[PDB]
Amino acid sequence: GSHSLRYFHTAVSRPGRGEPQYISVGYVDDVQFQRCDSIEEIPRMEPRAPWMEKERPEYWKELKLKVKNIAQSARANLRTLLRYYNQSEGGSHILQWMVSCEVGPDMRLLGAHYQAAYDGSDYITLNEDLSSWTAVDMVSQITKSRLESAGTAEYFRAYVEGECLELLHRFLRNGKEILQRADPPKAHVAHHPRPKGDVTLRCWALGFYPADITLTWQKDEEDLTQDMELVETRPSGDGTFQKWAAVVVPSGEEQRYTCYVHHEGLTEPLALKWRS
């Protein structure tokens, strides 16, 4: 039961009418707790998890100011980046960054992250040591030199060991029922005759939390890695997740196939067959 507070930030230099110049969504593990954005310089904030109703008004008023200041700073940085990469005005460009901290069961800090991308590609990453940076090119190497000359990671560590920990601790307490849980998958195999006369076996997993899961089909003396159709894990919209993996198999050979489900809420993997 390790836990993370994560924020996913996006700044857009020339967004469409009505679209955000700046947006960030905050999560604890796989549960979203808020939306912040700035549209035409107007900041807005919305709660997204029930425990956020326990926050004092001062939380939202400090947050509003953070949104305004972050949105302007990100816009300024998009302007500088356009210049250093000698790109054209009039085009829209994207600056993204992820901020997180992670604690263990005893609430001990285990790690933290700060990483940024420009136009969908890695730009700069803070290393595991929380003191040095990794760049990808000569523009981001300038950034690294600035941040290291300035000691800027000191102020990021002060954020990690200050407000990131504060909020992670408070949210895990106020949202304990939602957050300190693992819901195991409920799984079954569905059976679908095909026109050609063979069969689809679709192994389903529903109702699980958190999202991380593995579904695997195995025959017996055969590996089915390249035969499986696997959908990307997907939200049910009620806080749980679902997934399936399918294989096409000969009619009358269904009992040779086994679906295995691995999830942190299970004590041992489920092994499932088409029961019939």
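So that the term is clear: the rigid core is the largest set of C-alpha atoms that superpose within 1.5 Å between two forms. Numbering starts at 1 and follows the sequence shown.
Where the structures in 4 other deposited structures of this protein are fitted on the rigid core, 191-199 is the one of 169-177 and 191-199 whose C-alphas sit farther from the shown form on average.
Taken in 4 other deposited structures of this protein and fitted on the core, 223-231 and 53-61 differ in how far their Cα atoms move from the shown form, and the one that moves more is 223-231. Look at the mean CA B-factor for 252-260 and for 21-29 in the entry; the higher one is 252-260. As recorded in the PDB entry, 77-85 is the stretch of 77-85 and 117-125 with the greater mean C-alpha temperature factor.
Ranking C164, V199, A205, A135 by Cα temperature factor from the entry places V199 first.
Per the PDB entry, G90 shows the highest C-alpha temperature factor of the residues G175, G111, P184, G90.
Placement of the Cα temperature factor of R56 within the chain: highest third of the modelled residues, per the deposited record. For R35, the recorded CA temperature factor ranks within the lowest third of the chain's modelled residues. Among the modelled residues of its chain, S131 has a C-alpha B-factor that falls in the highest third, as given in the PDB entry. Among the modelled residues of its chain, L179 has a C-alpha B-factor that falls in the middle third, as given in the PDB entry. Among all modelled residues in this chain, the alpha-carbon of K219 has a temperature factor (C-alpha) in the highest third.
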